[PDB]
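Enquirer: these are from a larger complex, still in place; more later:
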Amino acid sequence: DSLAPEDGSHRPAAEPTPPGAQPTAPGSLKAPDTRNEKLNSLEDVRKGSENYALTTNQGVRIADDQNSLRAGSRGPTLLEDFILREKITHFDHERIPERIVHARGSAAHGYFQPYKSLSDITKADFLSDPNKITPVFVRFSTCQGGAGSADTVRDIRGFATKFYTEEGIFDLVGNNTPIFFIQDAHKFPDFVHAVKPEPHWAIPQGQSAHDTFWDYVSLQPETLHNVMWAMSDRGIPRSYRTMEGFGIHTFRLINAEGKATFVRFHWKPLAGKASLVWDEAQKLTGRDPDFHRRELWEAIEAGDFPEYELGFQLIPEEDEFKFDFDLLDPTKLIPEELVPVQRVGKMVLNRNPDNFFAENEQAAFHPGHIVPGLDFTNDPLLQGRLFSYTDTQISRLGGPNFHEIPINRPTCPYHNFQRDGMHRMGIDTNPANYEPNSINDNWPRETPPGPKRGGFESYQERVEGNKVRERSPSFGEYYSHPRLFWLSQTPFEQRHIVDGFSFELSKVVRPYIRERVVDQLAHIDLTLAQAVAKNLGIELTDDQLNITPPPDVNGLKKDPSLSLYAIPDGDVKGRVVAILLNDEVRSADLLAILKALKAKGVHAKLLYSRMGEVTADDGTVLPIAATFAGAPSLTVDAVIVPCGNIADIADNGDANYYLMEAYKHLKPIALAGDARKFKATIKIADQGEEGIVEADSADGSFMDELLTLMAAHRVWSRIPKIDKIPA
């Protein structure tokens, strides 16, 4: 045949295009000129296709790939069909075990560069010079669900970064909240068992809203801090581009003089912090369970590269015990009001992978993979993680040679006396496979530690204690950080936390677990406890009403850096606006709308009651991106309704529903000319309302008003009004 069309419409343009303009494709075909040392080094295993003959894996050309070999055209298939058997066998063996946690994830390639040399505090080569660029590979993920679960669940998110440094791979394997649920790695199977689907029936997926999770939390108050972050809007990010990242544990930075400095790692999203609202997130898991995966991929194809600032909280070794919390306790955060985040460098994700399985699914990150200039601490959760990644990757990725899988390979040299193992790629020519050896003059050889290019030596921390299985008494405080978090949130963020706990505990079948969680909230803050209790039909006791609130954290009664929205940081580039078309669109409005959006890097999606095209007043042919039902308001940041023949869409139920949903979800809406007739559906004032942009036409200040609302993300003042709308 064949039938790719004559117009060449099958193939997407190899240039940045806005979401939905062209079919997506493998990164190296979408952006062939985007390169980095790692992307180039993968060239040996990239496999093309065009102009090549179809063959078996042994290189034999196939003549007929449509039929098995049989004795007669209606006869039995013959065992000698080696073509069919290789093809079916490889298909039969396609799947590998998904990760134990973080199985649902989306990744991209990029690069990192420090703003200045950090040689006074660390000898890490990748932070030693502002013009030294280090390729990275980043994988973002949910945490509980399987690899086929949905993106916009309520859950913690993983944020893992593989740095291909000149002195080794450093993996920074963090999450989107600055603490973890538990204190010691020994409890990790217990916690993860409690949050994952229950064992009898394997329900629920991607949800902590079930009895065993809340049983565990209620019995293990150390979890309450991260639970508070998960119940807030932090648990439902708008995009991986708009959430923070944290390494959680205190690590060490080691300089050339041997000085150790404690450090906690942060990633700041340069697109700003932004989250969905629960009803929107939950409905989006049904409308588009691949929303975050798609959003990341389309941002990079559009040139809206995710950018993050690496930042360090630095504490001198002499200040280890100066806080009212233990620095080694992963359930405690270090307030930025106490220890500021120093900016360190920028990370840009600018290329999607070519093959998700080969590059994303087989990537292996490990917090153990550190480099000279970095070291660990005794945090008891970090200590046990050091054992687990290595162990799980051998079974997940089939053997001990997972570092030879292309995405995992260092770009710098690697030489040692390790040999064999399943799927061994490297063919070693060294005469010796042991050291010391004389037969190869002891090569490859050990290298002493030094200021640069030196071997790894651990910091010589003094260890003094008996061999004990004991929690440090300093870790036995569970309510002051949850309280600090609570008081740092805005009133509307506090309401959403309450709503999250209420919704989750309403799904817990055993009422006494609900009551025990409420009792724990009474140890954090009474207003919080009472608001959740009222939603659960629970009444606090007199004793509960008199629980003394936990102490402030080093005199802090709040830290605004813990809130998503108290300090504006809203950027609109990369956001999307739905434009609800009609069959006689006033092109003056459309011109003005698209020009204003284009100027700020905001994308548009043209919607209608059907697919195809509609023609504007002026004759302009407009292509329809999707239908009102086909691409609901859940997927956009704002909605504009231009003037024209509004009767065409005024009696359309889907069109009205579109605005009711967007209104409920606090998204800015802009109506021009006769589009103002839609105000009745969303029942608000004859004279108007903050959050609803309206004018006779879409001109000068109309688009400016709409853009200012989008920079603020959502219209929080509309909260009290949304409860009367049936949406």
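Expert: That came through, no problem. Residues are numbered from 1 along each chain as shown, chains lettered A, B, ... in the order given.

Enquirer: Could you report the separation of the closest residue to residue A:691 other than its chain neighbours from residue A:362?
Expert: Using C-beta to C-beta, 6 or more residues apart in numbering and skipping the chain neighbours, the partner closest in space to residue A:691 is residue A:715 (3.4 Å). Heads up, the C-betas are built off the backbone N, CA and C, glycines and all. For residue A:715, the distance to residue A:362 equals 43 Å [C-beta to C-beta, to the nearest Å].

Enquirer: coming back round to it: so what's the residue nearest to residue A:691 up against?
Expert: By C-beta atoms under 8 Å, 6 or more residues apart in numbering, residue A:715 lies in contact with A:666, A:667, A:668, A:690, A:691, A:709.

Enquirer: Which of those residues sits closest to residue A:511?
Expert: Taking C-beta to C-beta as the measure, residue A:666 is the one of the contacts of residue A:715 closest to residue A:511, at 32.7 Å.

Enquirer: Go ahead and confirm that closest one touches residue A:710.
Expert: No - the criterion here is C-beta atoms under 8 Å, and residue A:666 misses it with residue A:710 at 11.8 Å.

Enquirer: Residue A:218: neighbour count?
Expert: 20 (other C-beta atoms under 10 Å).

Enquirer: repeat for residue A:686
Expert: As a burial measure, residue A:686 scores 6 neighbours (other C-beta under 10 Å).

Enquirer: circling back to that earlier point, just want to know which of residue A:666 and residue A:710 has more residues nearby.
Expert: Taking other C-beta under 10 Å, residue A:666 and residue A:710 do not tie; residue A:710 has more neighbours (23 against 20).

Enquirer: If you count contacts, what does the strand or helix carrying that one end up packed against?
Expert: Using DSSP states H and E, residue A:710 sits in helix A:700-711. Using 3 or more C-beta pairs under 8 Å, 6 or more residues apart in numbering; DSSP states H and E, the elements in contact with helix A:700-711 are helix A:587-599, strand A:638-641, strand A:669-672, strand A:692-695.

Enquirer: what sits against residue A:183?
Expert: A:222, A:329, A:330, A:331, A:380, A:381, A:471, A:475.

Enquirer: which of the residues you listed are buried?
Expert: Buried by 16 or more other C-beta atoms under 10 Å: A:222, A:329, A:330, A:331, A:380, A:381, A:475, out of those.

Enquirer: include chain B as well:
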Amino acid sequence: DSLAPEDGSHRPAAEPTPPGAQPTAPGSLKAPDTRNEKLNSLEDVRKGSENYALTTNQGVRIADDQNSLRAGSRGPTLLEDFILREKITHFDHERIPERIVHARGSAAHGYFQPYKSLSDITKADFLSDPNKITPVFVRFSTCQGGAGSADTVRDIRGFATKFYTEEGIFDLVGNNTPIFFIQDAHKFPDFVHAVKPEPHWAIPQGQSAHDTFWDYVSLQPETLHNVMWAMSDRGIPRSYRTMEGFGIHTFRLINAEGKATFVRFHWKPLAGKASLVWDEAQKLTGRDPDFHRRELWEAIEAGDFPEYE
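Expert: Let me put chain B in with the others:
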């Protein structure tokens, strides 16, 4: 200790109860008196819990299952903590590869019995006497999505039955529509690749609504029949109890005299045929991605046993 409440409300009643009345539980605890030969034969590997000491896998009692062994209560974790290492090791290796297709599925135990002896057309032992009961294990599934994807997607459903007969295991591995998309098994990897998530970005999950599926369909008209069924409300069943089942292929029955009879296998839902509507099914993928799994489980806990002829 003593974390359970003194009114015993942690434990669900061991008697049929309506959906939502009691917490769900393992079948043998919820219905200890429901038995069959296969269920009885699994007793040798069933492991209890109550009143036993917590141990390693080698039988060593654990004293402190809350902490790793370290040098000092704020010190480094020690390599000799064999208890931590067994526990983390087993956790680290919990997962196995999901099924290539039909990775999302929900299953139950039951039994079969023929209405009358079918010896005139087949010598299969399990079809030879109305009083002969055959334990079964049935797994229903979606077809495209992974094991963690949602139940009420638009897709073909699998309906697989393992009959534990006295002359061997017979597995009847069918779907909820009477035909399949393709004609020759050589094309199965092509079709499946086309319907599954696209390879550059692995989207979309649980959906045939993407370009590669329709490209393949457009190029292979043999697919149109099953496509018609999938696009109908057949592709969004109300429950596994309310859909039909088919073996699809023509098989043979062979009687004692050696006569072969062509046969196609069917399962009729005794609860009747019933499907959702698209907007409902898609929204239900978001509000309860485990809706069919939950519905199956709770119907059985309530005594509303799924029955098929």
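
Enquirer: same question on the neighbour count of residue A:686, but with chain B included?
Expert: Counted with other C-beta atoms under 10 Å in any protein chain shown, the neighbours of residue A:686 add up to 6.

Enquirer: The residue in chain A sticking out farthest from the centre sits in which helix or strand?
Expert: Seen from the C-alpha centroid of chain A, the residue lying at the greatest distance (C-alpha atoms, centre = their mean) is residue A:72, 55.0 Å away. In this structure, residue A:72 sits in neither a helix nor a strand according to DSSP H and E.

Enquirer: measure it to residue A:78 for me?
Expert: The value you get for residue A:72 to residue A:78, if C-beta to C-beta is used, is 11 Å.

Enquirer: how much space is there between residue A:48 and residue A:354?
Expert: 10 Å.

Enquirer: Just want to know which of the two has more residues nearby.
Expert: Higher neighbour count among residue A:48 and residue A:354: residue A:354, with 21 against 8, using other C-beta under 10 Å.

Enquirer: all strands for the stretch 101-250 of chain A, in order.
Expert: A:105-114, A:134-141, A:158-165, A:168-175, A:245-246 (DSSP state E, counting those that start in this stretch).

Enquirer: need the contact list for whichever residue of the stretch 251-400 of chain A sits closest to chain B.
Expert: Residue nearest to chain B within the stretch 251-400 of chain A: residue A:286 (2.2 Å; C-beta to the nearest C-beta). Listed by C-beta atoms under 8 Å, 6 or more residues apart in numbering or on different chains, the contact partners of residue A:286 are A:150, B:150, B:282, B:283, B:284, B:285, B:286, B:287, B:289.

Enquirer: Turn the strands of the stretch 101-250 of chain A into a markdown table, columns for mean neighbour count.
Expert: What follows is these, written out as a markdown table (neighbours: other C-beta atoms under 10 Å in any protein chain shown):
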| stretch | mean neighbour count |
| --- | --- |
| strand A:105-114 | 23 |
| strand A:134-141 | 25 |
| strand A:158-165 | 24 |
| strand A:168-175 | 22 |
| strand A:245-246 | 24 |
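
Enquirer: and of these, who's closest to chain B?
Expert: Smallest distance to chain B across those (C-beta to the nearest C-beta): 8.2 Å, for strand A:105-114.

Enquirer: can you state the direction angle for that closest one and strand A:168-175?
Expert: Strand A:105-114 runs at 120 degrees relative to strand A:168-175, counting by axes from the mean of the first three to the mean of the last three C-alpha atoms, to 10 degrees.

Enquirer: Pull the contacting residues for residue A:458.
Expert: So residue A:458 contacts residue A:375 (C-beta under 8 Å, 6+ apart).

Enquirer: Another chain to add, chain C:
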Amino acid sequence: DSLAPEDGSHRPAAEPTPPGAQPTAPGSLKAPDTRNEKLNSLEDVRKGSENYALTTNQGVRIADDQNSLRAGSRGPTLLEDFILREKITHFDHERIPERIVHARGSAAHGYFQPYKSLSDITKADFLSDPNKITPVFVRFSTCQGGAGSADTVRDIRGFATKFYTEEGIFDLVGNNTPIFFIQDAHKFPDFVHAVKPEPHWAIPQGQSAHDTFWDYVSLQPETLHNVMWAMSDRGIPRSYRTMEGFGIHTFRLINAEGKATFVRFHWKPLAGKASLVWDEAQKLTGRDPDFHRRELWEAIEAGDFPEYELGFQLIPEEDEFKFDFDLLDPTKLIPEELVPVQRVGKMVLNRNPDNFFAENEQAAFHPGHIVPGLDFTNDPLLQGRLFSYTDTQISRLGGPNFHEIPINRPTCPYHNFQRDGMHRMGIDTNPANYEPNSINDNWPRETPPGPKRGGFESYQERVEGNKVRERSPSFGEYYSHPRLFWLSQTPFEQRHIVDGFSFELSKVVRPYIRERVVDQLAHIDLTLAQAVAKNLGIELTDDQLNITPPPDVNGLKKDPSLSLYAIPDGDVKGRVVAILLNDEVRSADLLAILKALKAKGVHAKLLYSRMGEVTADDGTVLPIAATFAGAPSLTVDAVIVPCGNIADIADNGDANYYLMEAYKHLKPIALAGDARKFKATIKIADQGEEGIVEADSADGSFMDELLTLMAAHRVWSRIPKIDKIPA
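Expert: Just below you will find chain C, in place on the chains above:
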């Protein structure tokens, strides 16, 4: 540091050197200028060592590769030691499952070239042009034992050849005998279980001399033909360089016009056929269980490259039923007297691998791997093999991407829609992973069958019959081929067959199995059966004595091509002679001996009672290779004793034993001057005897005589005399 010596004696010369002259080494270091297309394409995975730092697999330099990280120098090891954990983990996972059969094997690289274009009979591209060179990788093996078992056991040998052709990989997976034990693949697990170590105790290794094997054989007379070959000296080859190879099955050759020709594949050893004798092979299993592996590696390092001529027996389609046996029956051979072997091309093995595990142990051959121009037949052993190799290789090599392990990769192009699988190396950029597709204009595309570069199409053989599990009546004849083999053997080869059966059946514990085997031998030949029975204390019945011998094969009462030795083909290049020195060797004799050996490509190993050196009469310092006991006569082809101070070695028990062993095992012996005193230890007459070269000095005709004996391999006329020697 500095472990290597200053004289550079740790490093072997990168030039051809005789066995034992230099330490052996990886092939690319030993022979860097030897190349072929496959060796060159492996360069991307070869890893060096000299002048590089020692690192983890992630690229981090190691400073101390001698110690674990601990709390205090006498303290507990710390979980955070990621360097120790990676190194120990990779060691812990070094082994993979051995092959189910042919686990013990030795391999080398080389090349093949046809003598002329065979386009008239086959369109296979690698046989299309005399100038077309095809790289090969060949693995020879025993069949029963584990990878750690001994080389010189009595067993069939595997001979597998991977051809890296321009139109795909062609694997020719043969054995050193022209038939197999069984007729249908369904019984392979039964046969292999019977031959392998018994299941209760896992004894015996590398031996078919145990009850279950002979039980099976006695019950399944189809096995008798191959058992005859295995009991002959064919089951104990001198080296892989001196055995034959066969494809066994009838396959097909397909030309451009579509004509099918039946073909059986053969390999002829250009060094000639040669085998050990049983006592020598058994003792060598103890002294040097790696004898064949060492002999192959050392021959290539010396430039004595193994050479084999590929040959075809061709039968026209219309002659399928012209013989007394079925061409599809793999327990039947095609006598060369009926169908000559046509010479096709030459194969030369000229480079050893770099890493045994990576290249040899992970190599995967499959008889299924054919190319356009070749096809299968209905042989029911071959048919079942087509299924098995695919299946076993996935578990053995870890997944469905074993074709990406370097040694298995094709050198020609390979492109298809297969994806994923554990350890996926290739990163596919095709936008499509299915066909037919329009999104990549249907590439990679199928190719029609044609005269060259065409897609594979099976020959359209007519199939007619019911679906049955039934053996063809034509295969139900079991004794005529065993009888033809027996009658084709020399008298001393016949005696060795008798002795094989007798030794093996003496180790069968259940006497009735021995008796049943003797009864089977009575159906093949009465002389054979009575000679085995007399060694077992079994007396044939009158009925056994009157069993009619089976018919001749197509009129043939013998075929000399079935004998190892009936038609001389002895070459001496590559063979070794032990020279037994004394403390005052006569230099004149040594000069002449070495020069004559050197001129024919025969190696020498200078032996003495101790290591070090000895000084010859004229001051020549003579380096000692090994001692009389450290390098027994088992390892050499002949023994020369030069003149000098014979008293120094005449009272040496080890020296005398050296000659008694060599004598017993039929090796040529040459004694010069006072060395003739050793004649009494081997009880040879005063006058002399054929096979013992003697003179006053070692020159003119003495070396010619010895080399003439070496060309005839062993001294068969001395068999009657070796019985009286206590050795």
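
Enquirer: Once more for the contacts of residue A:183, now including chain C?
Expert: If you count contacts by C-beta under 8 Å, 6+ apart, residue A:183 has them with A:222, A:329, A:330, A:331, A:380, A:381, A:471, A:475.

Enquirer: Count the neighbours of the nearest residue to residue A:62 once chain neighbours are set aside for me.
Expert: The spatially closest residue to residue A:62, leaving aside those adjacent along the chain, is residue A:54, at 4.9 Å (C-beta to C-beta, 6 or more residues apart in numbering or on different chains). Per other C-beta under 10 Å, the neighbour tally for residue A:54 reads 22.

Enquirer: surely residue A:54 meets residue A:60?
Expert: No - look at residue A:54 against residue A:60 with C-beta under 8 Å: they stay out of range, at 9.9 Å.

Enquirer: My read is that the residue farthest from the centre of chain A contacts residue C:463, right?
Expert: Yes - counting by C-beta under 8 Å, residue A:72 does reach residue C:463; the two are 7.0 Å apart.

Enquirer: ok so, going back, just the buried positions in the helix holding residue A:710, please.
Expert: A:702, A:703, A:705, A:706, A:707, A:709, A:710, A:711 (16 or more other C-beta atoms under 10 Å in any protein chain shown).

Enquirer: tell me the contacts of the nearest residue to residue A:406 once chain neighbours are set aside?
Expert: Among residues not flanking residue A:406 along the chain, residue A:45 sits closest, at 4.8 Å (C-beta to C-beta, 6+ apart). Counting by C-beta under 8 Å, 6+ apart, residue A:45 touches A:406, C:425, C:426, C:427.

Enquirer: Please parse chain A into its domains.
Expert: Per the record, chain A has its domains at A:25-410, A:470-573, A:574-727, by curated CATH domains.

Enquirer: Please state the offset of the shortest one from the chain centre?
Expert: This points to domain A:470-573. Averaging C-alpha positions (C-alpha atoms, centre = their mean, to the nearest Å) puts domain A:470-573 24 Å from its chain's average.

Enquirer: Residue A:544: neighbouring residues, count only.
Expert: Number of residues near residue A:544 (other C-beta under 10 Å) recorded here: 18.

Enquirer: My understanding was that it contacts residue A:529; is that so?
Expert: Yes - between residue A:544 and residue A:529 there is a contact under C-beta under 8 Å: 7.0 Å.

Enquirer: ok so, going back, ok, the residue farthest from the centre of chain A - contacts?
Expert: Residue A:72 is in contact with residue C:463, counting by C-beta under 8 Å, 6+ apart.

Enquirer: One more: the one 10 residues further on?
Expert: Neighbour list for residue A:82: A:56, C:368, C:369, C:370, C:386, C:390 [criterion: C-beta under 8 Å, 6+ apart].
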